[PDB]
Amino acid sequence: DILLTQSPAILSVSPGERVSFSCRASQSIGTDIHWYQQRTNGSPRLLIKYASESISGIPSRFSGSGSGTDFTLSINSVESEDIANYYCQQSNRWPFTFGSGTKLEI
Amino acid sequence: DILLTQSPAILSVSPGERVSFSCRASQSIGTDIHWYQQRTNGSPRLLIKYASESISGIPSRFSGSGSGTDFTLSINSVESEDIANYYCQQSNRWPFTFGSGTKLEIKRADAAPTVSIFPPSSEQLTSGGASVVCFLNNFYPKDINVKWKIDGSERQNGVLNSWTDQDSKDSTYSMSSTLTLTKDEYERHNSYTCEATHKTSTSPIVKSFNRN
Amino acid sequence: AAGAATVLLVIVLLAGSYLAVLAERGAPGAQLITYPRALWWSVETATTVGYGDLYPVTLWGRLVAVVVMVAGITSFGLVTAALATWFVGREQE
Amino acid sequence: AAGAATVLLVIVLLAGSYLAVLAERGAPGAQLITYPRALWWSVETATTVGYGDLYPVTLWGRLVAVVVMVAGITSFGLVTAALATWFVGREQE
Amino acid sequence: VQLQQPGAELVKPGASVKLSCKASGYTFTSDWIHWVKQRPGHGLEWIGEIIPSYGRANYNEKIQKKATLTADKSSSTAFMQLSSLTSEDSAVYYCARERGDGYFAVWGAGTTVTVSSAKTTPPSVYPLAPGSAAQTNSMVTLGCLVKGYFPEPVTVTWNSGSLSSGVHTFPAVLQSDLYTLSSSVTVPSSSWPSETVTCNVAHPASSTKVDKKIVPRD
Amino acid sequence: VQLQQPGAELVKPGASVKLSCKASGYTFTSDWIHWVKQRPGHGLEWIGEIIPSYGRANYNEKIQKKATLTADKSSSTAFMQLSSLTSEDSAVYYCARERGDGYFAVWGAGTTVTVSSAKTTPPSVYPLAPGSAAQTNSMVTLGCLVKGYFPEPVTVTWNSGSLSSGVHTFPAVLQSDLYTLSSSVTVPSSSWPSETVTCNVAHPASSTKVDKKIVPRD
Ligand SMILES: [Ba+2]
Ligand SMILES: [K+]
């Protein structure tokens, strides 16, 4: 069971600025991380797949970085519609796992 | 993204001695490290390739060591022309990355500053200003206390000093001092002096000129 | 013969890739759990490249793996036959 | 035949090495990114030595890799044919 | 000079800029061209690579991907387009020549980019000769003062490079959107003024180079 | 709506419950269906996966394996059976659509499960219009109060969704085994009451949806 570890837990930031949630695996998983956004009350929502590739219908603000055991979701700018919890989820080894999650405060 | 980590950041040493900058990777990269020297103002310059092999045109002082995650640039001796930043760069996994870099400082014998005071050029006053530039050249250590005075009274304003990075002919430092006034103001003062208290001299070294 | 042993290998490589994911999912640890790399794994296997990329850890995954080797190596002990004959004739004339 | 399948393999091993670097560069992680070891990688491949030294991680790198196996194993299913015949005849007489 | 790239650029904030790199020497099929960024007082930041012949480029994952790489196959010149800049993007930008084996054998001179709304001002060079009553030691120190230029940098030379012994060009200081530096040079008071001495101050950003002899106070 | 699963369930402690997931759209042979659990105020807990076509399922090693997965091949609906629950097992339960490539492209709406012995009570909706003497700014704030429902949740909507600008539904509060929340909405005091405004309160657990116009105090 692979351990995804998202630090920090919460992420203060001023609007329009860049922001980066680190996710750090417990062993190398290559590029098999995927990011999910889950706002208040709503179900999760795939943001970045395979650690870098984008999803058709996601704002270009979101930029997937990283490989190995260090991964990074980045938002090149920030606006108010981006406040949510952000989850990572590896697919490299069974079972699929999730991170502890990061909330974004403004 | 591979993390190269050069410790220490800065490296004091006395001339002629051996010196070794460690570079430490975040996972094994075999021998795919390469070293670069980048002096003040100039572009980087390949020193060692593939962690050990030498480059044709590099002094034999430089000796590439290491393998795996521990690497070492070594200089068997040191001379003043070797002061620069030193960078490492892995090619084992994409993307290519660089280290944080290490600067090399030289402890040398203490030296007293060459002071030179300069009146604003005849050309310069023909616009609307007059700057008195005063050079402190080739001292060590780099800690020096400049002082301006006009007619004996000490002026604390309109003063722009600038410090050189440690020179790489002598292992010494130098410093300038622009004195921004107006032509109007320069004309109604006779004297201008430039005192420099430095570690080498309890007595402050002074220079001055008088227009009249 | 012509493109016959060829086609059979591709049955093996797909049915192999498919069943490998079915066998290995549920075993805590297997990397052979998405249909893409499950397919690439069955090529390393048929061709004996043994790159050490992926491999099975369940019993049933190893069984699927054996079938790929047998049915692959056989195909590929024949697909390269085809290419060899075909292209040595063409290039020689 | 003589030195014919030989030459074709060396086209494969160079064009393979070249395109492998082109495919894998840009993928965060690939070790198959300098033309030297890209060439050595295409030998491990053609010969099925599967030493586990290097391997591709992009899709297109795996495609290049397959072409090397096919075009290599075929060549090498023939280059060793040549050597075998040639030298068994020479050493036997 | 193998890799050859312009001296300095100025870009309004939010505007785009193209960067050149002409490369005399060999032009191998397998050559790669990289671009590394050096923010002031920082280390080297790999941005992206391009193989000119074949045509594909790859950019740095981590950074905000502001740039895009191109080349001109039958002119041996390569390009990097930085689109919509801030002052976070003001830095030196080198191009390098990786052979395909993984190290940057050949480096360009670097192009200084300054993103600002301010106006481009040529420099003003004033000579600096000793006073009419300073006692002349064996050596004699004299310089010249480059005042009020924008943007950085300025190449400062003495006798157009022939006298490269005893020089310290000083770091520019900033003030009201203009710069100011000085340079020093030292010769034997035997040879001077009996041998003439001139400082030349090139300013790549404005495309103006200027001379000034440091004569005595006549 | 791709993955489609019921709104809310209530289970006596120790009883069993089945959970549905109908999936319009494609129905590929290679599709997998996963189930993820979200305890309140927590993260996502992968429980188990099922490939419907072929039929095999795999469950999470670590957790107490309370559940078992099934599917109906020729109805495009999949099931999860949670057997003998406590209140540790009260949570949101999503189903996801992994293509076989390792990420959950498509997510269900989630099914809220509340394990309790208490009784299911529909809500009581009361409008909330400003007082008969409050000074009306350019905008005007008004809401409606959903009181005394069980179990959670309730979908609160305004004009059945058309007026989705200026809303804050509030978290329910618990009391004596019933819930209570409010909602807010804000419109220009020009348009209202000249344009009518109604809040609709669906309660999936009890299968009751209700309307209420926020008229002035007539
Ligand atoms: Ba083998
Ligand atoms: K192997």
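Protein chains in written order, with the entry's author numbering: chain B, 1 to 106; chain B', 1 to 212; chain C, 28 to 120; chain C', 28 to 120; chain A, 2 to 219; chain A', 2 to 219. A prime marks a further copy of an entry chain. Every residue gets a Cβ at the ideal spot worked out from N, C-alpha and C, and that includes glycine.
Do the CB positions of B':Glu195 and B':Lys142 come within less than 8 Å of each other? Looking up residue 195 of chain B' in the second sequence gives position 195. Looking up residue 142 of chain B' in the second sequence gives position 142. Taking 8 Å as the cut-off, the Cβ atoms of B':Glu195 and B':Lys142 do not count as close.
Using the Cα positions of A':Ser84 and A':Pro154, report the straight-line distance between them to the nearest angstrom. As a position in the sixth sequence, residue 84 of chain A' is number 83, starting the count at 1. As a position in the sixth sequence, residue 154 of chain A' is number 153, starting the count at 1. A direct Cα-to-Cα measurement between A':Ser84 and A':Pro154 gives close to 22 Å.
Does DSSP classify C:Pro63 as helix, strand or coil? Taking the first residue of the third sequence as position 1, residue 63 of chain C is located at position 36. Helix, per DSSP.
Of the listed residues A:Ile52, A:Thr87, A:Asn138 and A:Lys120, nearest to A:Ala206 (C-alpha basis): Along the fifth sequence, read from residue 1 onward, the residue named residue 206 of chain A stands at position 205. Nearest of A:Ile52, A:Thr87, A:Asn138 and A:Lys120 to A:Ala206, Cα basis: A:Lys120.
Could you check where the beta strand (DSSP E) with A:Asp73 kicks off and where it finishes? Working through the fifth sequence from its first residue, we reach residue 73 of chain A at position 72. Following the DSSP letters along the chain, one finds A:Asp73 inside the beta strand (DSSP E) bounded by residues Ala68 to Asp73.
Chain-ordered residues of the region 96-108 of chain A with a beta carbon less than 7 Å from chain C': For chain C', the residues of the region 96-108 of chain A that bring a beta carbon within less than 7 Å of one of its beta carbons are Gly101, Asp102 and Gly103, in chain order.
Going by DSSP, what residue range makes up the alpha helix (DSSP H) through A':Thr156? Sequence index remark: in the sixth sequence, residue 156 of chain A' carries index 155 (1-based). Here A':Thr156 belongs to no alpha helix (DSSP H); instead the beta strand (DSSP E) covers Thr156 to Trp159.
What does the Cβ neighbour count give for C:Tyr45, buried or exposed, with the cut at 16 atoms within 10 Å? Within the third sequence, the letter at position 18 stands for residue 45 of chain C. Under this definition C:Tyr45 is a buried residue.
A:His204 - partner residues in DSSP beta bridges: Locating residue 204 of chain A in the fifth sequence gives position 203, counting from the first residue. In DSSP, A:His204 forms a bridge with A:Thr209.
May I ask you to report which of helix, strand or coil DSSP gives C:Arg89? Working through the third sequence from its first residue, we reach residue 89 of chain C at position 62. Reduced to three states, the DSSP call for C:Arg89 is helix.
Mapping the DSSP letters down to three states, classify A:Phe29 as helix, strand or coil. The residue you call residue 29 of chain A lines up with position 28 of the fifth sequence. Coil at A:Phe29, not helix or strand.
Can you find a C-beta in chain B' that's less than 8 Å from the C-beta of A:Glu153? To locate residue 153 of chain A, count along the fifth sequence from 1; it is residue 152. A:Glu153 has a beta carbon lying at 8 Å or more from every beta carbon in chain B'.
Could you tell me which of B:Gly99, B:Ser100 and B:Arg61 sits nearest to B:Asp82, measuring between CA atoms? Mapped onto the first sequence, residue 82 of chain B falls at position 82. Closest by alpha carbon: B:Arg61.
Less than 8 Å between C-beta atoms, sequence neighbours within five positions excluded: which residues of the same chain meet that for A:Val141? Sequence index remark: in the fifth sequence, residue 141 of chain A carries index 140 (1-based). Answer for A:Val141: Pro131, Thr187, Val188, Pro189, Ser190 and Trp193, listed in chain order.
Residue closest to A:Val174, alpha-carbon to alpha-carbon, out of B':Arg39, B':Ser65 and B':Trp163: For the purposes of this step, residue 174 of chain A is identified with residue 173 of the fifth sequence, where counting begins at 1. Out of B':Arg39, B':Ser65 and B':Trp163, B':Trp163 has the C-alpha closest to the C-alpha of A:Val174.
Measuring only between beta-carbons, confirm whether C:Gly79 sits less than 8 Å from chain B. Here residue 79 of chain C refers to the residue found at position 52 when the third sequence is read from its first residue. No - not a single Cβ of chain B is within 8 Å of the one on C:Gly79.
8 Å Cβ cutoff, A:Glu46 in contact with chain C': On the fifth sequence, position 45 is the one that residue 46 of chain A refers to. Chain C' contact via Cβ: absent.
Taking a cut of 7 Å between CB atoms, which residues from the region 22-42 of chain B' lie near chain C'? Those residues of the region 22-42 of chain B' placed with their C-beta closer than 7 Å to a C-beta in chain C' do not exist.
Flag B:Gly99 as yes when its Cβ comes closer than 7 Å to any non-hydrogen atom of ligand 2, and as no otherwise. Stepping through the first sequence from its first residue, residue 99 of chain B is reached at position 99. B:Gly99: no, Cβ never under 7 Å from ligand 2.
Determine, using beta carbons only, whether B:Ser52 comes closer than 8 Å to chain C'. Taking the first sequence and counting its residues from 1, one reaches residue 52 of chain B at position 52. Cβ-Cβ to chain C' under 8 Å: yes for B:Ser52.
Pick from C:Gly116, C:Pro55 and C:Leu105 that is closest to A':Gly49, judged by C-alpha positions: By 1-based counting over the sixth sequence, the position of residue 49 of chain A' is 48. Nearest to A':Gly49 by C-alpha distance, out of C:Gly116, C:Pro55 and C:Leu105, is C:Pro55.
Tell me, please, whether the CB atom of A':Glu62 is closer than 8 Å to any CB atom in chain B? As a first step, residue 62 of chain A' is located in the sixth sequence; it is residue number 61 there, counting from the start. Nearest CB-CB separation between A':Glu62 and chain B: below the 8 Å threshold.
Hey, is C':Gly79 close to ligand 2, as in C-beta under 7 Å from one of its heavy atoms? As a position in the fourth sequence, residue 79 of chain C' is number 52, starting the count at 1. Under cutoff, so the answer is yes.
Proximity to A':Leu143 [Cα-Cα], best of A':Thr199, A':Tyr104, A':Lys23 and A':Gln3: The residue you call residue 143 of chain A' lines up with position 142 of the sixth sequence. Among A':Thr199, A':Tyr104, A':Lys23 and A':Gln3, the Cα nearest to that of A':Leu143 is on A':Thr199.
Using Cβ-Cβ distances below 8 Å, what residues of the region 90-121 of chain B' are close to chain C'? Within the region 90-121 of chain B', the qualifying residues are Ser91, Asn92, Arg93, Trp94 and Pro95.
Taking the beta strand (DSSP E) that B:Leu4 belongs to, which residues open and close that run? Locating residue 4 of chain B in the first sequence gives position 4, where the first residue counts as 1. In the DSSP assignment, B:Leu4 falls outside any beta strand (DSSP E) and carries neither an H nor an E.
C':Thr75: CB within 7 Å of a non-hydrogen atom of ligand 1: The residue labelled residue 75 of chain C' in the question sits at position 48 within the fourth sequence. Within the cutoff, so yes.
In this structure, does DSSP put C:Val70 in helix, strand or coil? Here residue 70 of chain C refers to the residue found at position 43 when the third sequence is read from its first residue. Looking at C:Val70 - three-state DSSP - the assignment turns out to be helix.
Exposure of B':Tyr87, with buried meaning 16 or more beta-carbon neighbours within 10 Å: Start at 1 with the first residue of the second sequence, and residue 87 of chain B' comes out as number 87. B':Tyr87 is buried by the Cβ-count criterion.
Helix, strand or coil, according to DSSP, for A':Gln136 in the structure here? Start at 1 with the first residue of the sixth sequence, and residue 136 of chain A' comes out as number 135. Under the three-state reduction of DSSP, A':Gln136 is assigned to coil, being neither helix nor strand.
Anything in chain B within Cβ reach of C':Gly56, meaning under 8 Å, just list it in chain order. Position 29 of the fourth sequence holds residue 56 of chain C'. Here the neighbours are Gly30, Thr31, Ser67 and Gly68.
Whose C-alpha, out of A:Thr156, A:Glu10, A:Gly162 and A:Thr115, is nearest the C-alpha of A:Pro124? The residue given as residue 124 of chain A occupies position 123 in the fifth sequence. The option with the nearest alpha carbon to A:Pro124 is A:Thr156.
Among the candidates A':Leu11, A':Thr197, A':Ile64 and A':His169, whose CA atom is the shortest distance from the CA of A':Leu146? The sequence position of residue 146 of chain A' within the sixth sequence is 145, counting from 1. Nearest of A':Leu11, A':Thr197, A':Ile64 and A':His169 to A':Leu146, Cα basis: A':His169.
Pull up the distance between the alpha-carbon of A:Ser161 and that of A:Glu196, whole angstroms please. Along the fifth sequence, one-based indexing puts residue 161 of chain A at 160. Along the fifth sequence, one-based indexing puts residue 196 of chain A at 195. Those two C-alpha atoms are separated by around 14 Å.
Hey, could you find the ends of the beta strand (DSSP E) B':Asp184 is sitting in? Numbered from its first residue, the second sequence carries residue 184 of chain B' at position 184. No beta strand (DSSP E) contains B':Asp184, which is instead part of the alpha helix (DSSP H) from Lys183 to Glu187.
For A:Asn59 and C:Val115, I'd like the C-alpha separation in whole angstroms. In the fifth sequence, counting from the first residue as 1, residue 59 of chain A sits at position 58. In the third sequence, counting from the first residue as 1, residue 115 of chain C sits at position 88. Taking the straight line from one Cα to the other gives about 39 Å.
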